[PDB]
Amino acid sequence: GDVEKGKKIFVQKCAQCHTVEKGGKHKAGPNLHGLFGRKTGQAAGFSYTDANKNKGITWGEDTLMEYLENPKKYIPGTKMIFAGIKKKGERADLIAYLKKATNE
């Protein structure tokens, strides 16, 4: 994926609810630092839904690609309000950005 393009997608569609940086604040949604290789619902100090806590998958390219296409289909009852990103290339660019930003 294209990290520069992924950043712009993130700013447009995600940043109002999420931070990525180490020590970044929770906002409407959890800070995403450290997501890759972590099970759902594991950002410390955030009130997740039981739906998000209970999904039980491990975040990575494959599961993000699916989630981000249609978040509520993947995690019904999530409190994340975001309809999804249809395009595969856009999702891959976004995920590439997250893989960098959430591990710096």
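Note that residue numbering follows the sequence shown and begins at 1.
J.: Select between 69 to 77 and 39 to 47 the stretch whose C-alpha atoms have the higher average B-factor in the entry.
T.: Taking the mean B-factor of the alpha carbons in each, 69 to 77 is higher.
J.: How does residue 58 rank on Cα B-factor within its chain, lowest, middle or highest third?
T.: Its C-alpha B-factor, which the entry lists for residue 58, ranks in the lowest third among residues of this chain.
J.: Which third of the chain holds residue 101 when residues are ordered by C-alpha B factor: lowest, middle or highest?
T.: Middle third by C-alpha B-factor.
J.: Mind checking which third residue 25 falls in for C-alpha B-factor across the chain?
T.: Answer is highest: the recorded C-alpha B-factor places it there.
J.: Using the temperature factors of the C-alpha atoms in this entry, rank residue 87 within its chain: lowest, middle or highest third.
T.: Within its chain, residue 87 is a middle-third residue by C-alpha B-factor, going by the deposited values.
J.: Would you check the entry's CA temperature factor for residue 17 and let me know if it's in the chain's lowest, middle or highest third?
T.: Lowest third - that is where residue 17 ends up once the chain's C-alpha B-factors are sorted.
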